[PDB]
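So the structure is just underneath, and the comments pick up after that.
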Amino acid sequence: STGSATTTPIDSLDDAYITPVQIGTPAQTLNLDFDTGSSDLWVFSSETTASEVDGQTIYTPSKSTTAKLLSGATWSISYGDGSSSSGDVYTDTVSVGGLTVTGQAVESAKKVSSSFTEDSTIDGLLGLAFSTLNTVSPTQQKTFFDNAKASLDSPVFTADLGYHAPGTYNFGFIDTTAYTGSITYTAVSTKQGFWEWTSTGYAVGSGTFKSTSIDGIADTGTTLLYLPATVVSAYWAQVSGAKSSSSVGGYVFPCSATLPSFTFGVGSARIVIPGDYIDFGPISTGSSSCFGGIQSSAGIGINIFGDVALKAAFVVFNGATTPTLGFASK
């Protein structure tokens, strides 16, 4: 089998992407944030504290003839941005782009943190990291991809995120029309539960490529590119007036600037992030200070190849017995 679904930016900055997901019988369609940095499929639901729902579409398991409470199971998650959510668990039928999994754990939120409430466009998350990170207790549950893997034509999914435009998540096949050149594959460590890999270096604008190993994760659920302080300083030094602002919480730059591209290495190959992809706009409405899309990871503990990096590529998440990642230009 295969599936294919369009993913759409939630706003004009590409802060996140939503993909429609059919849950239950009859289908309840929710728009979920596919997140290769986490491993829970959780949704706003009829069980969510009413004051914490503000415009999201909810899953109502009592209206699904295929829903079944997973007795005794609870979940609770905290993300790298400080947000969190928790609740109980049902199993139900879940379909993405024509690919159906029966018995998928659907984690129903009883509580969500304020940042989820405040974003009416995201009805939940669909985790695509390794199932070892799933938070369901006392019996850890499998991701949608893990459950679908054996049925897929090939045990892969691909992320093709758009810049200010829709893109595509495919399951079970490589669309060879969706990228240019060849796909360069690189080794993955699953020891931390992430799609963790080592970039071979970077360049700033038209500058010389610096060969240096940068370990990080491919994370569709993180907006920005978080890299070591040395790398980030080298980038922003090429932007007149850019500075790190403790009050704002990162590098800012004059909105009148033209940003240089940023290149990262995948083996001997190179993925070029255009400068415009690094502009995240005014820090507050009407400001002429703009927020940078490349930020230091020094306070995170891991480097993160978020959407800024991934949307410059066609990305293959190869879930073979030994997983690998593939990147192509597009």
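Checking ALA105 against (1) touching a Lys or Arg at 6+ places or on another chain (Cβ under 8 Å); (2) closer than 25 Å to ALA328 by Cα: exactly one of these is not met. Which one?
Of the numbered conditions (1) touching a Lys or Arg at 6+ places or on another chain (Cβ under 8 Å); (2) closer than 25 Å to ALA328 by Cα, the odd one out for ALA105 is (2).
Considering only segment 256-330, give the strands (runs of 3 or more DSSP E) lying wholly within it that have at least 1 residues that are in contact with a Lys or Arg (Cβ under 6 Å, 6 or more places away or on another chain) and either of a type in the set (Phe, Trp, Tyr) or more than 15 Å from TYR202 (Cβ to Cβ) (or both).
Here the list reads 314-318.
Would you mention how many residues in segment 69-112 are under 15 Å from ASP123 (Cβ atoms) and among the acidic types (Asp, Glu)?
Of the residues in segment 69-112, 2 are under 15 Å from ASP123 (Cβ atoms) and among the acidic types (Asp, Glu).
Show the residue pairs that are 6+ apart or on different chains and have beta-carbon atoms under 6 Å apart, the first residue being within segment 77-91 and in the same structural domain as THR49 (by CATH) and outside any strand (DSSP E or B), the second being buried (at least 16 other Cβ atoms within 10 Å of the Cβ) and not aromatic (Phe, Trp, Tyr).
Listed pairs, sorted by first residue: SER83/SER113.
Looking at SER154, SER115, which is the one that is closer than 22 Å to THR223 by Cβ and free of Cβ contacts under 8 Å to residues at least 40 places away in the same chain?
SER115
List the number of the failed condition for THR135; all other conditions in (1) part of a helix (DSSP H, G or I); (2) touching an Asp or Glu at 6+ places or on another chain (Cβ under 8 Å); (3) among the β-branched types (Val, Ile, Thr) hold.
(1)
Go through segment 9-32 residue by residue and tally those that are farther than 30 Å from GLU196 by Cβ and either in contact (Cβ under 8 Å) with a residue 60 or more places away in the chain or part of a strand (DSSP E or B) (or both).
So the count comes out to 7.
Can you find, within segment 33-56, the residue that is nearest to the chain's Cα centre (by Cα) among those that are of a type in the set (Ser, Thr, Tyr) and closer than 19 Å to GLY193 by Cα?
If we take residues in segment 33-56 being of a type in the set (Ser, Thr, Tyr) and closer than 19 Å to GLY193 by Cα, then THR36 is nearest to the chain's Cα centre (by Cα).
Looking only at residues in segment 209-238 that are within 17 Å of the chain's Cα centre (by Cα) and of a type in the set (S, T, N, Q), which one is nearest to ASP279 (Cα to Cα)?
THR223
Of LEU13, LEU32, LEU41, which residue is closer than 26 Å to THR177 by Cα, of a type in the set (A, V, I, L, M) and touching a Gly at 6+ places or on another chain (Cβ under 8 Å)?
Exactly one residue qualifies, and that residue is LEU32.
Could you grab me the full set of residues in segment 53-74 that are of a type in the set (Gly, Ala, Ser), exposed (fewer than 13 other Cβ atoms within 10 Å of the Cβ) and outside any strand (DSSP E or B)?
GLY55, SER62
The values are calculated or read from the model by the stated rules, or taken from the named source; none is laboratory data. All Cβ positions, even for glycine, are placed from backbone atoms using ideal geometry, and neighbour counts span all protein chains on display.
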